[PDB]
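Heads up, the thing below is written out as structure tokens.
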Amino acid sequence: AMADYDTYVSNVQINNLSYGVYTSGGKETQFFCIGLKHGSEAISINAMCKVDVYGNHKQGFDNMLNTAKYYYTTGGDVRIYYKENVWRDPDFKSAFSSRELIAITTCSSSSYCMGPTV
Amino acid sequence: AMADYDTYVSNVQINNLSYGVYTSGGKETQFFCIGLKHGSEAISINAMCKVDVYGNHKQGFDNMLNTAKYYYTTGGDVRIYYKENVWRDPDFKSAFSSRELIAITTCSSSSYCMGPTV
Amino acid sequence: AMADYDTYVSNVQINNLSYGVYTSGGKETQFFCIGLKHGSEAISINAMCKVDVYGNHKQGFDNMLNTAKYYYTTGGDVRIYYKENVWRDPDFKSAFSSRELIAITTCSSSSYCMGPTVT
Amino acid sequence: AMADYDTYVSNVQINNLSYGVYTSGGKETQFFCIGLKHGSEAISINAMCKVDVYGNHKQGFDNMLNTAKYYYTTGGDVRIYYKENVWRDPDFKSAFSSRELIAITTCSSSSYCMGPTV
Amino acid sequence: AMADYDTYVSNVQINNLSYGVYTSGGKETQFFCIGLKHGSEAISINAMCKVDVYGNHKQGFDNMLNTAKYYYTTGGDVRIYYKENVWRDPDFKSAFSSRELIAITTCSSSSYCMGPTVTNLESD
């Protein structure tokens, strides 16, 4: 199976965004975070972030940000692939999330979203 | 004829998208994949991908991604040119596709799309 | 007059767009092409293209692509400046066009588009 | 707590935007500045700016500009994190403010915006 | 006062836009030009341009272009800051404009636009 694609939430909507600049561990960073809803269902796995110069995958900062902003605009159904327990900055983890955003795929029905499933 | 333009599907719509980051073969990659339908019907050749640091044509990652997102938004009729049997990562081919996306052109009628035919 | 601004069509609409990647003449390229509307016909006329690593003006590939996509979306009337007889790859010229896209300007009326004119 | 995240205004709207190029202190700059409202309420903390080659955080100019422009388009409620007393150019400070823009987060309700509140 | 911010036109709309490529002085350039109106009136200062590799401020070409395109799309009221007598190639000035685009700010009402204003009636 694809490394880092094993943990996801499906048929969610991106209902909040954050974008900022921040010094972390003595390095100048950019970050963004997505916040999620699942229609009217309560979701606890509801935030994930990406940082330009830290993480398991530094590539794709601008493309992932633009992709997140696209689905915030449409409110469309997506699946979010993420990795738990990534961010080591304790102030960032408590403010935003520990989770690193890995991929965003669309869902065309209540049962199908693109990408691998477990 | 144009090299790599011999294999295409016409009058389709991009009805799904994926964008992600992924380690493949020791390289840090970005990728995106488009999912297709043919009007009211599903089609069997229905996913094509592009990878920033692998493939027959590594250029144009951001422009092809922006172009794909554009037609996902409009739902317009397009022709997709693609190349078969490209991606060699077995986990990736199984989750997404083995096909490399080459070009996207528009269709102004049920019978005409821009670009060369065979 | 401005070099490369002598040849244009005014008050046209872009009704088709192509974007691709392609190996031409030993180089890896990106290109896009616009097709122009002719009455109610589906087939476009006067297609014009831009290539990132070939042409009289290699600069501005992404900005010209985004400008072309913009007017394809709005369907607005534009003036297109282009250079005839540029592309030499025969397969490309047969598939798309020989013309290089130089500039796109708006038309605010049936009578006025921005940019220089010739008589 | 996150350094530079202690000062913010919540549930505001970006109702004006400036973008320009400018020589400041012998350096060629770009800048943008956001103007804020909060519905009908009189606010005094209502302008924040970012400069490409000056400030505590020079990274993220284009991404922050595009983020500010998006919320100006939607008129949606946001939280603005900012740093007071940053700009030293007296002419710039008089025309806009001394405040450096740090982050923009969305507000999904009258009581919630993403990001830390301490 | 902010250098290069002394001449502007307020409460205008961008109602035309040009983008192109052009060779000048041995350099390959990109440029764009905006056309303006003041509601239903034509104005005297109605065009201004930015060039990627010429001008007093070469930075910000893409950001300025995207900003101008945005306001052309929305038709919203803006203030345009510009500098006179920059483009001195007569065929470019005849085709487009002599003025360099410096900044674009919004006007949220008929009475307010963002950005610096001159000190007084004589710009002392």
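Residue numbers start at 1 in each chain; chains themselves are named A, B, ... in the order of the structure tokens; ligands are numbered from 1 in the order shown.
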Using only C-alpha atoms, select each residue of chain A with any atom at most 12 Å away from an atom of chain D, and give the selection as an mmCIF file with N, CA, C and O atoms, in the first residue's frame.
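File written: part_1.cif
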data_model
loop_
_atom_site.group_PDB
_atom_site.id
_atom_site.type_symbol
_atom_site.label_atom_id
_atom_site.label_comp_id
_atom_site.auth_asym_id
_atom_site.auth_seq_id
_atom_site.Cartn_x
_atom_site.Cartn_y
_atom_site.Cartn_z
ATOM 1 N N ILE A 14 -14.322 20.998 3.785
ATOM 2 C CA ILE A 14 -13.405 21.921 4.433
ATOM 3 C C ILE A 14 -14.219 23.158 4.761
ATOM 4 O O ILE A 14 -14.637 23.885 3.855
ATOM 5 N N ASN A 15 -14.459 23.400 6.055
ATOM 6 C CA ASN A 15 -15.301 24.520 6.452
ATOM 7 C C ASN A 15 -14.521 25.606 7.174
ATOM 8 O O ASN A 15 -15.123 26.558 7.646
ATOM 9 N N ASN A 16 -13.210 25.488 7.286
ATOM 10 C CA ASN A 16 -12.385 26.538 7.883
ATOM 11 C C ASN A 16 -10.995 26.428 7.299
ATOM 12 O O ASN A 16 -10.563 25.344 6.885
ATOM 13 N N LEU A 17 -10.297 27.559 7.228
ATOM 14 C CA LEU A 17 -8.909 27.626 6.788
ATOM 15 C C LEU A 17 -8.138 28.551 7.713
ATOM 16 O O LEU A 17 -8.695 29.520 8.267
ATOM 17 N N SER A 18 -6.839 28.306 7.824
ATOM 18 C CA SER A 18 -5.880 29.211 8.451
ATOM 19 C C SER A 18 -4.646 29.272 7.580
ATOM 20 O O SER A 18 -4.201 28.224 7.062
ATOM 21 N N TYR A 19 -4.063 30.458 7.449
ATOM 22 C CA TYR A 19 -2.788 30.615 6.761
ATOM 23 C C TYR A 19 -1.994 31.619 7.556
ATOM 24 O O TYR A 19 -2.532 32.660 7.920
ATOM 25 N N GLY A 20 -0.752 31.308 7.881
ATOM 26 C CA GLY A 20 0.071 32.242 8.616
ATOM 27 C C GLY A 20 1.547 32.023 8.454
ATOM 28 O O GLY A 20 2.019 31.046 7.840
ATOM 29 N N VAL A 21 2.277 32.975 9.009
ATOM 30 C CA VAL A 21 3.733 32.926 9.089
ATOM 31 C C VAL A 21 4.156 32.850 10.540
ATOM 32 O O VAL A 21 3.479 33.396 11.420
ATOM 33 N N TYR A 22 5.258 32.159 10.807
ATOM 34 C CA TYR A 22 5.522 31.749 12.192
ATOM 35 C C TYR A 22 6.961 31.254 12.304
ATOM 36 O O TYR A 22 7.448 30.555 11.407
ATOM 37 N N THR A 23 7.646 31.648 13.373
ATOM 38 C CA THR A 23 8.990 31.144 13.658
ATOM 39 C C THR A 23 8.840 29.896 14.522
ATOM 40 O O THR A 23 8.259 29.973 15.615
ATOM 41 N N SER A 24 9.380 28.765 14.070
ATOM 42 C CA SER A 24 9.261 27.489 14.794
ATOM 43 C C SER A 24 10.619 26.827 14.888
ATOM 44 O O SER A 24 11.272 26.586 13.863
ATOM 45 N N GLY A 25 11.042 26.526 16.116
ATOM 46 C CA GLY A 25 12.314 25.847 16.267
ATOM 47 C C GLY A 25 13.440 26.622 15.636
ATOM 48 O O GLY A 25 14.354 26.022 15.069
ATOM 49 N N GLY A 26 13.329 27.942 15.669
ATOM 50 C CA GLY A 26 14.360 28.859 15.160
ATOM 51 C C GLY A 26 14.381 29.014 13.652
ATOM 52 O O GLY A 26 15.300 29.596 13.122
ATOM 53 N N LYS A 27 13.333 28.538 12.979
ATOM 54 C CA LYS A 27 13.251 28.658 11.506
ATOM 55 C C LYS A 27 11.968 29.401 11.097
ATOM 56 O O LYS A 27 10.963 29.199 11.732
ATOM 57 N N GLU A 28 12.083 30.212 10.063
ATOM 58 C CA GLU A 28 10.947 30.970 9.493
ATOM 59 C C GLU A 28 10.087 30.010 8.673
ATOM 60 O O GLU A 28 10.577 29.377 7.815
ATOM 61 N N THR A 29 8.824 29.926 9.025
ATOM 62 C CA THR A 29 7.904 29.018 8.345
ATOM 63 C C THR A 29 6.707 29.767 7.789
ATOM 64 O O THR A 29 6.361 30.867 8.257
ATOM 65 N N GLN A 30 6.058 29.123 6.837
ATOM 66 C CA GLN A 30 4.660 29.339 6.504
ATOM 67 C C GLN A 30 3.920 28.074 6.865
ATOM 68 O O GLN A 30 4.471 26.958 6.795
ATOM 69 N N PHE A 31 2.651 28.244 7.219
ATOM 70 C CA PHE A 31 1.807 27.072 7.425
ATOM 71 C C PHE A 31 0.393 27.369 6.981
ATOM 72 O O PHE A 31 -0.030 28.532 6.929
ATOM 73 N N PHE A 32 -0.347 26.304 6.716
ATOM 74 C CA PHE A 32 -1.795 26.438 6.643
ATOM 75 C C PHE A 32 -2.408 25.246 7.340
ATOM 76 O O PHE A 32 -1.784 24.203 7.502
ATOM 77 N N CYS A 33 -3.672 25.426 7.727
ATOM 78 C CA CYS A 33 -4.437 24.356 8.388
ATOM 79 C C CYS A 33 -5.827 24.342 7.802
ATOM 80 O O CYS A 33 -6.381 25.427 7.536
ATOM 81 N N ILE A 34 -6.377 23.194 7.590
ATOM 82 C CA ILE A 34 -7.762 23.038 7.170
ATOM 83 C C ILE A 34 -8.563 22.560 8.366
ATOM 84 O O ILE A 34 -8.085 21.755 9.188
ATOM 85 N N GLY A 35 -9.784 23.055 8.476
ATOM 86 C CA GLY A 35 -10.759 22.558 9.447
ATOM 87 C C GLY A 35 -11.891 21.882 8.693
ATOM 88 O O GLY A 35 -12.246 22.299 7.570
ATOM 89 N N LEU A 36 -12.418 20.806 9.280
ATOM 90 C CA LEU A 36 -13.381 19.961 8.601
ATOM 91 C C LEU A 36 -14.715 19.879 9.307
ATOM 92 O O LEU A 36 -14.806 19.996 10.547
ATOM 93 N N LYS A 37 -15.776 19.659 8.517
ATOM 94 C CA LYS A 37 -17.078 19.225 9.017
ATOM 95 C C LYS A 37 -17.480 17.992 8.236
ATOM 96 O O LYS A 37 -16.841 17.641 7.228
ATOM 97 N N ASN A 46 -10.676 16.739 12.848
ATOM 98 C CA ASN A 46 -11.239 17.890 12.157
ATOM 99 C C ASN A 46 -10.230 18.982 11.855
ATOM 100 O O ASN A 46 -10.649 20.072 11.471
ATOM 101 N N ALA A 47 -8.930 18.721 11.969
ATOM 102 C CA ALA A 47 -7.955 19.711 11.521
ATOM 103 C C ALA A 47 -6.657 19.035 11.123
ATOM 104 O O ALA A 47 -6.234 18.056 11.771
ATOM 105 N N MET A 48 -5.968 19.591 10.174
ATOM 106 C CA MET A 48 -4.741 19.030 9.623
ATOM 107 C C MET A 48 -4.001 20.176 9.006
ATOM 108 O O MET A 48 -4.604 21.052 8.354
ATOM 109 N N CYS A 49 -2.691 20.131 9.077
ATOM 110 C CA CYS A 49 -1.892 21.279 8.652
ATOM 111 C C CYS A 49 -0.714 20.856 7.806
ATOM 112 O O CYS A 49 -0.364 19.657 7.702
ATOM 113 N N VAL A 51 3.283 22.586 6.553
ATOM 114 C CA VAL A 51 4.265 23.618 6.864
ATOM 115 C C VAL A 51 5.293 23.585 5.758
ATOM 116 O O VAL A 51 5.670 22.502 5.301
ATOM 117 N N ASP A 52 5.742 24.755 5.311
ATOM 118 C CA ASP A 52 6.611 24.774 4.119
ATOM 119 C C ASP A 52 7.969 24.124 4.321
ATOM 120 O O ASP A 52 8.485 23.494 3.374
ATOM 121 N N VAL A 53 8.558 24.220 5.506
ATOM 122 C CA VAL A 53 9.940 23.794 5.706
ATOM 123 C C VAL A 53 10.059 22.684 6.741
ATOM 124 O O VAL A 53 11.181 22.339 7.137
ATOM 125 N N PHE A 61 3.741 22.773 -0.996
ATOM 126 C CA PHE A 61 3.090 23.722 -0.078
ATOM 127 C C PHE A 61 2.047 24.586 -0.790
ATOM 128 O O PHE A 61 0.862 24.612 -0.394
ATOM 129 N N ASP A 62 2.463 25.290 -1.854
ATOM 130 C CA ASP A 62 1.541 26.197 -2.526
ATOM 131 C C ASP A 62 0.429 25.432 -3.217
ATOM 132 O O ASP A 62 -0.746 25.841 -3.158
ATOM 133 N N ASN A 63 0.758 24.301 -3.861
ATOM 134 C CA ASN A 63 -0.309 23.546 -4.537
ATOM 135 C C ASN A 63 -1.323 22.987 -3.541
ATOM 136 O O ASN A 63 -2.529 22.946 -3.813
ATOM 137 N N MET A 64 -0.865 22.486 -2.399
ATOM 138 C CA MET A 64 -1.819 21.965 -1.416
ATOM 139 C C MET A 64 -2.647 23.123 -0.844
ATOM 140 O O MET A 64 -3.858 22.953 -0.635
ATOM 141 N N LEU A 65 -2.030 24.290 -0.575
ATOM 142 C CA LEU A 65 -2.794 25.433 -0.075
ATOM 143 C C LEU A 65 -3.865 25.827 -1.080
ATOM 144 O O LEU A 65 -5.027 26.071 -0.696
ATOM 145 N N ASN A 66 -3.501 25.913 -2.373
ATOM 146 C CA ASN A 66 -4.481 26.324 -3.361
ATOM 147 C C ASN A 66 -5.576 25.295 -3.511
ATOM 148 O O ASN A 66 -6.737 25.652 -3.749
ATOM 149 N N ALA A 68 -6.669 23.258 -1.038
ATOM 150 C CA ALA A 68 -7.535 23.436 0.140
ATOM 151 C C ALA A 68 -8.463 24.646 -0.008
ATOM 152 O O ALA A 68 -9.648 24.567 0.313
ATOM 153 N N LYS A 69 -7.941 25.768 -0.499
ATOM 154 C CA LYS A 69 -8.767 26.959 -0.701
ATOM 155 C C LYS A 69 -9.841 26.739 -1.761
ATOM 156 O O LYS A 69 -10.961 27.275 -1.618
ATOM 157 N N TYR A 70 -9.547 25.925 -2.789
ATOM 158 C CA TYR A 70 -10.561 25.580 -3.758
ATOM 159 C C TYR A 70 -11.741 24.856 -3.105
ATOM 160 O O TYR A 70 -12.898 25.241 -3.317
ATOM 161 N N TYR A 72 -12.596 24.733 0.068
ATOM 162 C CA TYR A 72 -13.298 25.624 0.995
ATOM 163 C C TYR A 72 -14.328 26.457 0.236
ATOM 164 O O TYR A 72 -15.447 26.706 0.715
ATOM 165 N N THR A 73 -13.959 26.925 -0.957
ATOM 166 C CA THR A 73 -14.850 27.751 -1.774
ATOM 167 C C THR A 73 -16.036 26.949 -2.247
ATOM 168 O O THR A 73 -17.167 27.449 -2.228
ATOM 169 N N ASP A 89 6.337 20.940 17.466
ATOM 170 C CA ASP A 89 6.280 22.227 18.168
ATOM 171 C C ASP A 89 5.065 22.194 19.096
ATOM 172 O O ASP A 89 3.926 22.134 18.611
ATOM 173 N N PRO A 90 5.240 22.177 20.416
ATOM 174 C CA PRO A 90 4.069 21.999 21.294
ATOM 175 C C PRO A 90 3.097 23.158 21.237
ATOM 176 O O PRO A 90 1.884 22.939 21.351
ATOM 177 N N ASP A 91 3.602 24.364 21.012
ATOM 178 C CA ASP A 91 2.698 25.536 20.925
ATOM 179 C C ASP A 91 1.847 25.440 19.650
ATOM 180 O O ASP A 91 0.695 25.725 19.725
ATOM 181 N N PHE A 92 2.443 24.984 18.570
ATOM 182 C CA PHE A 92 1.684 24.847 17.305
ATOM 183 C C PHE A 92 0.647 23.724 17.441
ATOM 184 O O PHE A 92 -0.499 23.872 17.037
ATOM 185 N N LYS A 93 1.057 22.612 18.026
ATOM 186 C CA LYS A 93 0.156 21.431 18.134
ATOM 187 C C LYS A 93 -1.099 21.793 18.924
ATOM 188 O O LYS A 93 -2.162 21.391 18.552
ATOM 189 N N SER A 94 -0.936 22.528 20.011
ATOM 190 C CA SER A 94 -2.117 22.891 20.822
ATOM 191 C C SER A 94 -2.951 23.980 20.145
ATOM 192 O O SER A 94 -4.111 23.986 20.379
ATOM 193 N N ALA A 95 -2.343 24.823 19.317
ATOM 194 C CA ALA A 95 -3.093 25.887 18.655
ATOM 195 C C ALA A 95 -3.863 25.380 17.451
ATOM 196 O O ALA A 95 -4.929 25.904 17.128
ATOM 197 N N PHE A 96 -3.304 24.394 16.737
ATOM 198 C CA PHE A 96 -3.799 23.957 15.423
ATOM 199 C C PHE A 96 -4.029 22.462 15.507
ATOM 200 O O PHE A 96 -5.074 22.024 15.999
ATOM 201 N N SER A 97 -3.032 21.652 15.157
ATOM 202 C CA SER A 97 -3.235 20.218 15.219
ATOM 203 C C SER A 97 -1.851 19.581 15.236
ATOM 204 O O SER A 97 -0.867 20.248 14.903
#
**Message:** Please identify the strand (DSSP E) residues within stretch 28-89 of chain B (assignment by DSSP from backbone atoms) and present them as a list in words.
**Reply:**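 The strand (DSSP E) subset of stretch 28-89 of chain B is residues 28, 29, 30, 31, 32, 33, 34, 35, 36, 37, 38, 41, 42, 43, 44, 45, 46, 47, 48, 49, 50, 51, 78, 79, 80, 81, 82 and 83 of chain B.
Excluding stretch 52-61 of chain C itself and same-chain residues fewer than 5 positions from it, the residues having an atom within 7 Å of it are residues 29, 30, 31 and 86 of chain C; 21, 28 and 30 of chain E, counting only C-alpha atoms.
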Take the residues that were just selected and, keeping N, CA and C atoms, output them as a PDB file, in the first residue's frame.
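What follows is the written file again.pdb:
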ATOM      1  N   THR C  29       8.724  20.516 -24.163  1.00  0.00           N
ATOM      2  CA  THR C  29       8.003  21.787 -24.226  1.00  0.00           C
ATOM      3  C   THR C  29       6.671  21.681 -23.490  1.00  0.00           C
ATOM      4  N   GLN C  30       6.142  22.846 -23.146  1.00  0.00           N
ATOM      5  CA  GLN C  30       4.720  23.017 -22.888  1.00  0.00           C
ATOM      6  C   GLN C  30       4.170  23.894 -24.005  1.00  0.00           C
ATOM      7  N   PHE C  31       2.891  23.679 -24.363  1.00  0.00           N
ATOM      8  CA  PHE C  31       2.273  24.642 -25.284  1.00  0.00           C
ATOM      9  C   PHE C  31       0.823  24.833 -24.902  1.00  0.00           C
ATOM     10  N   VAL C  86       5.344  30.874 -37.764  1.00  0.00           N
ATOM     11  CA  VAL C  86       6.365  30.734 -36.737  1.00  0.00           C
ATOM     12  C   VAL C  86       6.747  29.277 -36.503  1.00  0.00           C
TER      13      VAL C  86
ATOM     14  N   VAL E  21       3.530  40.506 -25.112  1.00  0.00           N
ATOM     15  CA  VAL E  21       4.984  40.410 -25.073  1.00  0.00           C
ATOM     16  C   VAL E  21       5.569  41.300 -26.153  1.00  0.00           C
ATOM     17  N   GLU E  28      13.664  41.042 -23.977  1.00  0.00           N
ATOM     18  CA  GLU E  28      12.334  40.494 -24.150  1.00  0.00           C
ATOM     19  C   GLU E  28      11.479  40.889 -22.950  1.00  0.00           C
ATOM     20  N   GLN E  30       7.525  41.530 -20.976  1.00  0.00           N
ATOM     21  CA  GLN E  30       6.078  41.379 -20.844  1.00  0.00           C
ATOM     22  C   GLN E  30       5.533  42.713 -20.398  1.00  0.00           C
TER      23      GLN E  30
END
**Prompt:** How far is it from atom CA of residue E:83 to atom CA of residue E:102, in Å with one decimal?
**Reply:**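 About the pair atom CA of residue E:83 and atom CA of residue E:102: they are 6.9 Å apart.
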**Message:** I'd like the neighbourhood of residue E:17 as a PyMOL selection string, where a residue qualifies if any of its atoms comes within 6 Å (using only C-alpha atoms), though same-chain residues fewer than 6 positions away should be ignored.
**Reply:** (chain C and resi 105-106) or (chain E and resi 33-34)
I need the residues from that last selection saved to file as a compact mmCIF listing (two decimals), in the first residue's frame (with N, CA, C and O atoms), if you can.
# COMPACT_ATOMS: atom_id res chain seq x y z
N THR C 105 -5.99 41.74 -26.01
CA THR C 105 -6.55 42.97 -25.41
C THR C 105 -8.06 42.92 -25.45
O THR C 105 -8.68 42.22 -26.23
N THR C 106 -8.71 43.71 -24.58
CA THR C 106 -10.17 43.70 -24.53
C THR C 106 -10.76 44.69 -25.53
O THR C 106 -10.17 45.72 -25.87
N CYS E 33 -1.50 46.65 -19.67
CA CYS E 33 -2.04 48.01 -19.56
C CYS E 33 -3.49 47.95 -19.15
O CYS E 33 -4.23 47.08 -19.59
N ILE E 34 -3.91 48.90 -18.32
CA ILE E 34 -5.30 49.00 -17.85
C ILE E 34 -5.89 50.25 -18.47
O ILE E 34 -5.19 51.27 -18.65
**Message:** When you look at residue E:16 with a cut-off of 12 Å (counting only C-alpha atoms), what residues show up, excluding the ones that are within fewer than 2 positions of it in the same chain? I need them as a PyMOL selection string.
**Reply:** (chain C and resi 76-79+104-109+112-115) or (chain E and resi 12-14+18-19+32-37+46-49+68-73+75+96)
**Message:** Distance cut-off 9 Å, counting only C-alpha atoms - which residues of chain E neighbour chain D? Return them as a list in words.
**Reply:**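 The contacting residues on chain E are residues 1, 2, 3, 4, 5, 57, 58, 59, 60, 63, 64, 67, 81, 101, 102, 103, 104, 105, 106, 107, 108, 113, 114, 115, 116 and 117 of chain E.
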Residue subset to file, keeping N, CA, C and O atoms, as a compact mmCIF listing (two decimals), in the first residue's frame:
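The resulting file, selection_28.txt, is shown below:
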# COMPACT_ATOMS: atom_id res chain seq x y z
N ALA E 1 5.81 62.24 2.60
CA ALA E 1 4.77 61.54 1.87
C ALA E 1 5.44 60.37 1.20
O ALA E 1 6.66 60.39 1.02
N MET E 2 4.67 59.35 0.80
CA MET E 2 5.26 58.21 0.12
C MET E 2 5.72 58.60 -1.28
O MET E 2 4.90 59.02 -2.10
N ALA E 3 7.01 58.40 -1.53
CA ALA E 3 7.56 58.65 -2.86
C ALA E 3 6.78 57.87 -3.90
O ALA E 3 6.54 56.67 -3.76
N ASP E 4 6.44 58.54 -5.01
CA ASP E 4 5.73 57.98 -6.16
C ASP E 4 4.25 57.75 -5.91
O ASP E 4 3.59 57.07 -6.75
N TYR E 5 3.68 58.28 -4.81
CA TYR E 5 2.28 58.10 -4.45
C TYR E 5 1.50 59.41 -4.54
O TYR E 5 0.36 59.48 -4.08
N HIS E 57 9.85 50.66 -11.10
CA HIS E 57 9.67 49.58 -10.12
C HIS E 57 9.39 48.31 -10.90
O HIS E 57 8.25 48.10 -11.35
N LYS E 58 10.43 47.46 -11.09
CA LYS E 58 10.28 46.29 -11.93
C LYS E 58 9.63 45.14 -11.16
O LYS E 58 9.07 44.23 -11.77
N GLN E 59 9.66 45.18 -9.82
CA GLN E 59 9.09 44.12 -8.98
C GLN E 59 7.56 44.12 -9.11
O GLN E 59 6.94 45.12 -9.49
N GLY E 60 6.97 42.98 -8.78
CA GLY E 60 5.53 42.89 -8.64
C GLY E 60 4.75 42.76 -9.93
O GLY E 60 3.55 43.02 -9.93
N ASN E 63 1.97 40.02 -9.51
CA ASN E 63 0.96 40.41 -8.52
C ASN E 63 0.13 41.59 -9.02
O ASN E 63 -1.10 41.65 -8.79
N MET E 64 0.76 42.56 -9.71
CA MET E 64 0.01 43.71 -10.19
C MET E 64 -0.94 43.26 -11.28
O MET E 64 -2.08 43.71 -11.34
N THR E 67 -3.90 41.51 -9.81
CA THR E 67 -4.75 42.50 -9.14
C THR E 67 -5.59 43.28 -10.15
O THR E 67 -6.80 43.45 -9.96
N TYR E 81 -2.79 54.55 -8.46
CA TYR E 81 -1.62 55.39 -8.36
C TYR E 81 -0.72 55.13 -9.57
O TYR E 81 -0.52 53.98 -9.96
N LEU E 101 2.03 52.14 -13.89
CA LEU E 101 1.15 51.75 -12.82
C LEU E 101 1.95 51.45 -11.57
O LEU E 101 2.86 50.61 -11.58
N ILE E 102 1.55 52.11 -10.45
CA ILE E 102 2.29 52.03 -9.19
C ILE E 102 1.53 51.23 -8.13
O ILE E 102 2.13 50.49 -7.33
N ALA E 103 0.22 51.42 -8.05
CA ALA E 103 -0.56 50.76 -6.99
C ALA E 103 -2.03 50.78 -7.36
O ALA E 103 -2.48 51.66 -8.10
N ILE E 104 -2.78 49.81 -6.78
CA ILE E 104 -4.23 49.75 -6.95
C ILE E 104 -4.80 49.56 -5.57
O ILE E 104 -4.42 48.63 -4.87
N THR E 105 -5.69 50.44 -5.18
CA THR E 105 -6.36 50.33 -3.87
C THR E 105 -7.87 50.41 -4.09
O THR E 105 -8.36 50.87 -5.12
N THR E 106 -8.62 49.93 -3.11
CA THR E 106 -10.07 49.92 -3.28
C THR E 106 -10.74 51.14 -2.70
O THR E 106 -10.23 51.80 -1.79
N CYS E 107 -11.95 51.39 -3.19
CA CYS E 107 -12.81 52.42 -2.61
C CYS E 107 -14.07 51.76 -2.10
O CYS E 107 -14.95 51.42 -2.88
N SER E 108 -14.23 51.73 -0.78
CA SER E 108 -15.38 51.05 -0.24
C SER E 108 -16.62 51.92 -0.25
O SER E 108 -17.72 51.43 0.04
N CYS E 113 -11.37 55.96 -0.35
CA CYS E 113 -10.50 54.96 -0.96
C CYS E 113 -9.30 54.79 -0.05
O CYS E 113 -8.85 55.76 0.59
N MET E 114 -8.79 53.58 0.00
CA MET E 114 -7.64 53.27 0.84
C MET E 114 -6.39 53.89 0.23
O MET E 114 -6.28 54.05 -1.00
N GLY E 115 -5.40 54.20 1.07
CA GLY E 115 -4.11 54.64 0.60
C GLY E 115 -3.79 56.09 0.92
O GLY E 115 -4.63 56.84 1.38
N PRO E 116 -2.53 56.46 0.68
CA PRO E 116 -2.07 57.80 1.05
C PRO E 116 -2.71 58.87 0.15
O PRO E 116 -2.96 58.64 -1.03
N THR E 117 -3.01 60.02 0.73
CA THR E 117 -3.46 61.14 -0.08
C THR E 117 -2.51 62.30 0.11
O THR E 117 -1.76 62.34 1.09
**Message:** If you run DSSP on the backbone here, which positions in chain B get helix (DSSP H, G or I)? Please write them as a list in words.
**Reply:**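 DSSP on the backbone gives helix (DSSP H, G or I) at residues 61, 62, 63, 64, 65, 66, 67, 68, 69, 70, 71, 72, 73, 74, 90, 91, 92, 93, 94 and 95 of chain B.
Using only C-alpha atoms, the part of chain C that sits within 6 Å of chain B is made up of residues 16, 17, 18, 19, 20, 21, 42, 91 and 95 of chain C.
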So that I have them on file, write out the residues from the current selection with N, CA and C atoms, as a PDB file, in the first residue's frame.
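This is the output file part31.pdb:
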ATOM      1  N   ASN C  16     -12.231  27.656 -27.963  1.00  0.00           N
ATOM      2  CA  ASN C  16     -11.611  26.376 -27.656  1.00  0.00           C
ATOM      3  C   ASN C  16     -10.208  26.671 -27.136  1.00  0.00           C
ATOM      4  N   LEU C  17      -9.716  25.745 -26.303  1.00  0.00           N
ATOM      5  CA  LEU C  17      -8.416  25.881 -25.661  1.00  0.00           C
ATOM      6  C   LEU C  17      -7.767  24.501 -25.599  1.00  0.00           C
ATOM      7  N   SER C  18      -6.467  24.454 -25.837  1.00  0.00           N
ATOM      8  CA  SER C  18      -5.672  23.240 -25.688  1.00  0.00           C
ATOM      9  C   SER C  18      -4.473  23.555 -24.807  1.00  0.00           C
ATOM     10  N   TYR C  19      -4.098  22.658 -23.928  1.00  0.00           N
ATOM     11  CA  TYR C  19      -2.850  22.794 -23.188  1.00  0.00           C
ATOM     12  C   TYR C  19      -2.214  21.404 -23.147  1.00  0.00           C
ATOM     13  N   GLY C  20      -0.929  21.329 -23.404  1.00  0.00           N
ATOM     14  CA  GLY C  20      -0.265  20.030 -23.372  1.00  0.00           C
ATOM     15  C   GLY C  20       1.225  20.139 -23.130  1.00  0.00           C
ATOM     16  N   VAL C  21       1.820  18.951 -22.953  1.00  0.00           N
ATOM     17  CA  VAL C  21       3.268  18.816 -22.888  1.00  0.00           C
ATOM     18  C   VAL C  21       3.685  17.919 -24.065  1.00  0.00           C
ATOM     19  N   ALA C  42     -18.923  24.735 -34.861  1.00  0.00           N
ATOM     20  CA  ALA C  42     -18.205  24.155 -33.727  1.00  0.00           C
ATOM     21  C   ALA C  42     -16.701  24.230 -33.932  1.00  0.00           C
ATOM     22  N   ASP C  91       4.442  18.292 -37.481  1.00  0.00           N
ATOM     23  CA  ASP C  91       3.345  17.585 -36.825  1.00  0.00           C
ATOM     24  C   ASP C  91       2.534  18.547 -35.986  1.00  0.00           C
ATOM     25  N   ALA C  95      -1.408  19.795 -36.537  1.00  0.00           N
ATOM     26  CA  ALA C  95      -2.359  19.479 -35.471  1.00  0.00           C
ATOM     27  C   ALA C  95      -3.012  20.692 -34.881  1.00  0.00           C
TER      28      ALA C  95
END
**Prompt:** In terms of the shortest atom-to-atom distance over only C-alpha atoms, which of E:121, E:38, E:65, E:77 is closest to residue E:52?
**Reply:** E:65
